[PDB]
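> In the authors' numbering, the protein residues as written are 9 to 378.
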Amino acid sequence: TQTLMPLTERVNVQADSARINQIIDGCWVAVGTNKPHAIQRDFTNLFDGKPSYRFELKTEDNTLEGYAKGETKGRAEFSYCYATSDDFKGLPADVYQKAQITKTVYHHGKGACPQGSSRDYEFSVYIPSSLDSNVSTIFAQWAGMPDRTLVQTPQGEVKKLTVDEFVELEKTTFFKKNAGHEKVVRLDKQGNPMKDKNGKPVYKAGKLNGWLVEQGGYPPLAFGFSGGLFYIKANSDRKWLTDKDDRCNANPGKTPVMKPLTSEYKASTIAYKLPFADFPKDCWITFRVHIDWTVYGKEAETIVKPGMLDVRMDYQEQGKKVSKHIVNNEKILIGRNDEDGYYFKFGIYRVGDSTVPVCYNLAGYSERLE
Ligand SMILES: O=C(O)[C@@H]1O[C@@H](O)[C@H](OS(=O)(=O)O)[C@@H](O)[C@@H]1O[C@H]1O[C@H](COS(=O)(=O)O)[C@@H](O[C@@H]2O[C@@H](C(=O)O)[C@@H](O[C@H]3O[C@H](COS(=O)(=O)O)[C@@H](O[C@@H]4O[C@@H](C(=O)O)[C@@H](O[C@H]5O[C@H](COS(=O)(=O)O)[C@@H](O[C@@H]6O[C@@H](C(=O)O)[C@@H](O[C@H]7O[C@H](COS(=O)(=O)O)[C@@H](O)[C@H](O)[C@H]7NS(=O)(=O)O)[C@H](O)[C@H]6OS(=O)(=O)O)[C@H](OS(=O)(=O)O)[C@H]5NS(=O)(=O)O)[C@H](O)[C@H]4OS(=O)(=O)O)[C@H](O)[C@H]3NS(=O)(=O)O)[C@H](O)[C@H]2OS(=O)(=O)O)[C@H](O)[C@H]1NS(=O)(=O)O
Ligand SMILES: [Ca+2]
C-alpha cells in the first residue's frame with residue numbers, strides 16, 4: 009500500500025508555464041530541490057480527508073546562495089501562483105517568449121491578489137516532536153511580484169522600460185539575480201559557441217555593467233521558526249525600485265512584538281513570537297489569516313494607507329478545541345510598492361545559513377475575499 013509518494017516535478021514560475029503533469033492537486037506547482045524526499049504526498053497523515061504534504065530537507069539539501077558571500081539556503085515549497093499553457097493559448101507566440109525573458113510568465117497565471125486588496129487565507133501545519141527546536145525555516149510566506157522592466161541605469165537613474173526595451177537590454181546584459189553583467193558568449197575548450205537542450209545559445213556573466221533590475225526582496229509576510237522561536241514577520245518596502253542592499257529585517261528574538269524596525273523605505277515587524285517548546289506538536293494547527301495590504305503611492309513612494317494583519321491559531325488540545333487570537337487586528341505596514349500583488353507559498357525555506365534538518369507537514373490551503 010502507498011505510504012509516501014514523492015512529488016518531484018518542479019516549475020520555474022517566473023520563466024516557464026507549468027505543464028499539466030507538473031500541477032499538483034489541480035492548484036499547486038512545486039519549487040526548489042527535486043530530491044524525492046523533499047516533497048511527498050503523505051497518505052499516513054490525512055488532513056480534512058485528504059493526504060497531506062510532507063516536506064523535508066536533510067542536512068545537505070541547501071542548493072541556494074544567500075545575500076552574504078558563502079551563505080547558503082534551501083528550498084522545497086509549493087506555489088499557489090503559476091501560469092499554464094492554457095493561459096497563453098490563442099496569443100502570438102512572442103507574448104510567452106517575451107514573458108520568459110522578462111521573467112513575468114506567472115503574471116499571466118492564477119494565484120495572485122492585487123495591490124492594496126483585502127484577503128483571507130487559511131492553511132494548516134503539522135509539526136512532529138522530531139523537529140529540532142533550533143531549525144531556521146519559514147513554513148509559509150506571501151511573496152511579492154516585482155516586474156524587472158523597472159530598472160536602474162549605470163548612472164543611477166530609475167527607469168520603467170517597455171517589454172521590448174527590456175528585451176533589447178537583455179540582449180547585451182546577463183542578470184545575476186538583480187545585477188547586470190556584460191553578456192559574454194560562452195565557448196568550449198575548442199572556442200566553439202555552446203548550445204543547450206534546445207540548441208539555444210548559452211552565455212556567461214562578465215563584469216558588472218551598471219544595470220540593475222527589480223528582483224527578489226523580502227516576502228511581505230512570513231511564518232517560521234528561528235532562534236528557538238515561532239514567529240510571524242511582516243515586511244513593507246515603499247521604495248518604487250527596491251534597494252536590495254537595505255537589509256532592514258527584524259530579528260525574532262531581539263525585536264519587540266509589534267514595534268517595527270525601520271529604514272528610510274522599509275519596515276520589518278515581528279507581529280507575534282512564541283517559544284518553540286510552546287508550539288503544539290504532533291497535531292494539526294490551522295491558521296486563519298486576514299490581510300489588508302498596505303497601499304503605496306507608486307512613483308511618489310508614499311504610504312497612502314497602512315495595512316492590517318489578523319491571525320487566529322486553532323488546534324486540538326486535551327481533546328478540546330482551542331483558538332488563540334495571536335495577532336489581533338493589528339494596523340501594520342505590509343507589502344511592496346509594485347504594480348503587481350502577492351501570492352502564497354508553503355513548505356520549507358531554510359535560511360540563516362542553516363543546515364539543521366527540517367521536516368513537517370502542510371495542507372488545507374484556501375483563500376477568499378473579505
Ligand atoms: O542555475 C544554477 O545555478 C544551477 O542550475 C542547475 O545546475 C541546478 O538547478 S536544478 O534545478 O537544475 O537542479 C543547480 O545546480 C543550480 O540551480 C540552483 O541554484 C540557482 C541559483 O541560485 S543562486 O542562489 O545561486 O542564485 C537557483 O535559481 C535561482 O534561484 C531560484 C530560487 O531562489 O528559488 C529562483 O529565484 C526566483 O524564485 C525565488 C523563489 O520564488 S518561488 O516562487 O519560485 O519560490 C524568488 O524569491 C527569492 O526567495 C525569496 C523568498 O523565498 O522569500 C526572497 O528571499 C528574500 O527573503 C528572505 C526571507 O526574508 S524574511 O523577511 O522572511 O526574513 C531572506 O532571508 C532572510 O533575510 C536574511 C538577510 O536579511 O540576510 C536573514 O536576516 C538576518 O541577517 C540580516 C543581515 O545580517 S548581516 O549581519 O549580514 O548584516 C539581519 O539584518 C537580520 O536581522 C537577520 N535576521 S535573523 O533572524 O537571521 O537574525 C534572515 O534570517 C532570512 O530569513 S529569516 O526567516 O531567518 O529571517 C533572503 O535573504 S537571503 O540572504 O536569505 O538571500 C531574501 N533574498 S534577497 O535577495 O531578496 O535579499 C527573494 O525574493 C528571492 O531571493 S533571491 O535570493 O532569489 O533574490 C526570486 O526572486 C526569483 N528570482 S527571479 O529572477 O526568477 O525573479 C531562480 O530560478 C533563480 O534566480 S535567479 O536570479 O538566479 O534567476 C535554482 O532554483 C537552484 N535549483 S535547485 O534545484 O538546486 O534548487
Ligand atoms: Ca517596486
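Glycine included, every Cβ here is placed at the ideal spot set by N, Cα and C.
What is the DSSP secondary structure of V193, counted as helix, strand or coil?
Correct three-state label for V193: strand.
> Could you tell me which residues DSSP puts in a beta bridge with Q30?
Looking at the DSSP assignment, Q30 forms no beta bridge with any residue, so it has no partner.
> In chain order, what are the residue ranges of uninterrupted beta strand (DSSP E) at least 3 long that sit wholly in the region 99–135?
Qualifying beta strand (DSSP E) stretches, in chain order: 126–134.
> Is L139 close to ligand 2? I mean its beta-carbon at under 7 Å from any heavy atom of the ligand.
No, since every heavy atom of ligand 2 falls outside the 7 Å radius drawn around the Cβ of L139.
> Going by beta-carbon coordinates alone, are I293 and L317 separated by less than 8 Å?
No, the pair does not count as a contact, with Cβ atoms beyond the cut-off.
> Please determine if the region 346–359 and the region 86–96 are in contact, where contact requires at least 3 C-beta pairs separated by less than 8 Å.
Yes, since at least three Cβ pairs between the region 346–359 and the region 86–96 fall closer than 8 Å, the two stretches touch.
> Under 7 Å from any heavy atom of ligand 4, does the C-beta of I146 make it?
With respect to ligand 4, the structure shown offers nothing to examine, as its ligands consist of ligand 1 and ligand 2.
> At a cut-off of 7 Å, is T263 close to ligand 2 when judged by its beta-carbon and the heavy atoms of the ligand?
False, no ligand heavy atom lies under 7 Å from that Cβ.
> Spatial neighbours of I311 within its chain, please: C-beta separation below 6 Å, excluding the five flanking residues on both sides.
Result list for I311: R246, in chain order.
> Can you check the region 278–365 for any beta strand (DSSP E) of at least 3 residues that lies completely inside it and give the ranges in chain order?
Listed in chain order, they are 292–300, 311–313, 315–325, 328–340, 350–358.
> Expressed to the nearest angstrom, what Euclidean distance is found between the alpha-carbon atoms of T363 and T9?
Going from the Cα of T363 to the Cα of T9 covers about 33 Å.
> Please confirm if the region 153–163 is in contact with the region 213–233, defined as three or more CB-CB distances below 8 Å between the two stretches.
Enough Cβ pairs lie closer than 8 Å, so yes.
> Whose C-beta lies closer than 6 Å to the C-beta of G360 among residues of the same chain, with five residues either side of it excluded?
Within the same chain, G360 has close Cβ partners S144.
> With a threshold of 16 other CB atoms inside 10 Å of the CB of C35, please say whether the residue is buried or exposed.
Per the 10 Å Cβ criterion, exposed.
> Count the other CB atoms, across all protein chains shown, that sit within 10 Å of the CB of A308; report buried if there are 16 or more and exposed otherwise.
The residue is exposed, with fewer than 16 neighbouring Cβ atoms inside 10 Å.
> For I278 versus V265, is the C-beta distance shorter than 8 Å?
Cβ atoms of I278 and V265: closer than 8 Å.
> As a quick exercise: from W301, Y114, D69, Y323, pick the residue whose alpha carbon is nearest that of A23.
Selected option, being the one with the closest Cα: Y114.
> Within 10 angstroms of its Cβ, does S244 collect 16 or more other Cβ (buried), or is it exposed?
Buried, since its Cβ has 16 or more Cβ neighbours within 10 Å.
> If I'm right that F96 touches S25 with Cβ under 8 Å, what's the distance once you round it to whole angstroms?
Contact flag correct, Cβ pair sits at about 6 Å.
> Using DSSP with H/G/I as helix, E/B as strand and the rest coil, what is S138?
DSSP places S138 in coil when its eight states are reduced to three.
> Distance, Cα to Cα, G40 vs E64?
Looking at the two C-alpha atoms, the distance is approximately 11 Å.
> Report yes or no: do the region 284–292 and the region 122–142 share at least 3 C-beta pairs separated by less than 8 Å?
Yes, the region 284–292 touches the region 122–142.
> I'd like to know whether the C-beta atoms of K81 and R358 end up nearer to each other than 8 Å.
Yes, Cβ-Cβ distance for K81 and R358 is below 8 Å.
> Can you tell me which of the three DSSP states residue 379 falls into?
No answer is possible for residue 379: it lies beyond the span of the chain, which begins at 9 and ends at 378.
> Of all the options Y280, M321, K339, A46, which has the alpha carbon lying nearest to the alpha carbon of residue 390?
Within the shown structure, residues of the chain are numbered from 9 to 378, placing residue 390 beyond reach of any answer.
> What are the partner residues of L72, as DSSP defines its beta bridges?
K81, per the DSSP bridge assignment.
> For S60, which of helix, strand or coil comes out of DSSP?
DSSP places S60 in strand when its eight states are reduced to three.
> I believe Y104 touches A371 by the beta-carbon criterion, under 8 Å. Please report the beta-carbon distance rounded to the nearest angstrom.
32 Å between Cβ atoms; not a contact.
> Count the C-beta pairs between the region 200–212 and the region 226–246 that are closer than 8 Å, then say yes if the count reaches three, no if not.
No, the region 200–212 is not in contact with the region 226–246.
> In chain order, which continuous runs of the alpha helix (DSSP H) of length 4 or greater are located wholly inside the region 196–255?
Counting whole runs of 4 or more residues, the region 196–255 contains no alpha helix (DSSP H) stretch at all.
> Between the region 230–243 and the region 139–156, can you find at least three pairs of beta-carbon atoms closer than 8 Å?
The region 139–156, when compared against the region 230–243, does touch it at the 8 Å Cβ threshold.
> Residue range of the alpha helix (DSSP H) that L177 falls in?
Looking at the DSSP string, the run of the alpha helix (DSSP H) that includes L177 is 171–178.
> Note the first and the last residue of the continuous alpha helix (DSSP H) segment covering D95.
Note, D95: alpha helix (DSSP H), 93–96.
> So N345 packs on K252, CB below 8 Å; how close in whole Å?
The pair is not a contact, with the Cβ atoms about 14 Å apart (cut-off 8 Å).
> In the DSSP assignment, the beta strand (DSSP E) including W36 goes from what residue to what residue?
Segment: none, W36 is in no beta strand (DSSP E) and carries neither H nor E.
> Please classify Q10: does DSSP put it in a helix, a strand, or coil?
Residue state, collapsed to three classes: coil.
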